[PDB]
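Here is what each chain is made of, one letter per residue.
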Amino acid sequence: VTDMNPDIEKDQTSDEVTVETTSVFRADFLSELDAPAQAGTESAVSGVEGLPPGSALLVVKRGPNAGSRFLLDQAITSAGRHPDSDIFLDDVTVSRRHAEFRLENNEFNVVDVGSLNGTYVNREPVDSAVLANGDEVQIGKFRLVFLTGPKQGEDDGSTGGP
């Protein structure tokens, strides 16, 4: 103890405990959200928001880790602080998982199991909310919006030449 070259005979002042709780901050209570501003935007060239190739994903728009996603290409992914799952958000903020996006009834959903910062989905706490088009979920302290091909049915159309 007191390693890393004992020549550094310096501490803060005292104390030892700092990370007793998985890290708290930013969560869907005070900041990021602020107003019901829903961003109706597609992924530039598209093809990764309206995706029905047997896969769908929630993607964290922005929020501490940001840039992330639940891959629901498999029947269920653990979402949050994860050494090994799929959706890891910094792996420092969430109680291992806020949710696991379980596919039941052909629908992917977020199952709240208690996340450290707090669980919300569209400003409301739920049990298991369906992967939807454009809506976003709070896991810990990140804003995670989900997209998928399924929406209103897919009638298919290759005929579109004016």
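Residues numbered from 1 in each chain as written, not as in the entry; some residues may be left out. Heavy atoms only, no water.

Summed over the entire model, instances satisfying the criterion amount to eight salt bridges. Between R97 and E100 there is a salt bridge whose closest N-O contact spans 3.0 Å. When sorted by exposure, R97 lands in the same class as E100, which is buried. For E154, the salt bridge is made with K151, and the minimal N-O distance between the two is 2.6 Å. (Salt bridge = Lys/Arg side-chain N within 4 Å of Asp/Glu carboxyl O. Buried < 20%, exposed > 50% of the residue type's maximum accessible area, 1.4 Å probe, protein only.)

Taking the UniProt record as the reference, the feature "domain: FHA" is found at residues 77-126. Helix makes up 0% of residues 77-126 and strand 40%, whereas the separation of the span's terminal C-alpha atoms amounts to 18 Å. (UniProt positions renumbered as here; feature names shortened; annotations may be inferred. Helix = DSSP H or I, 4+ residues; strand = E, 2+ residues; numbered from the N terminus.)

Put simply, the largest pocket is a space of about 760 Å³. Lining of the largest pocket is provided by 33 residues; of these, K61, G134, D135, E136 and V145 occupy positions nearest its centre. A total of four residues in the lining of the largest pocket trace back to one element, the largest contributor, which is strand β10 (residues 142-147). Within the lining of the largest pocket, the residues separate by chemical class into 13 nonpolar, 10 polar and 10 charged. Estimates place the volume of the second largest pocket at around 370 Å³. What lines the second largest pocket is a set of 13 residues, among which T2, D3, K10, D11 and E16 lie closest to the centre. For the lining of the second largest pocket, the residue count by class is four nonpolar, four polar and five charged. (1 Å grid on protein atoms, 1.4 Å probe; cavity = no way out; pocket = protein on both sides within 12 Å on 5 of 7 lines; lining within 4 Å. Points joined across faces, edges and corners; volume = space filled by probe spheres on them. Nonpolar A, V, L, I, M, F, W, Y, C, P; charged D, E, K, R; others polar.)

Turning to the sheet that holds strand β7 (residues 119-121), a few remarks are in order. Taken in spatial order, the five strands of this open sheet run β2-β1-β10-β9-β7, and their pairing is antiparallel. Of all the strands in the sheet, the pair left with one neighbour each is β2 (69-71) and β7. Pairwise comparison of adjacent strand axes, ignoring direction, gives a mean angle of 20 degrees for this sheet. With four bridges connecting them, strand β9 (residues 136-139) and β10 associate as antiparallel partners. When the sheet's bridge partners are listed, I139 is paired in β10 with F142. (Pairing = 2+ DSSP bridges. Axes fitted to C-alpha atoms, helices over the stretch in contact; angles between N-to-C directions.)

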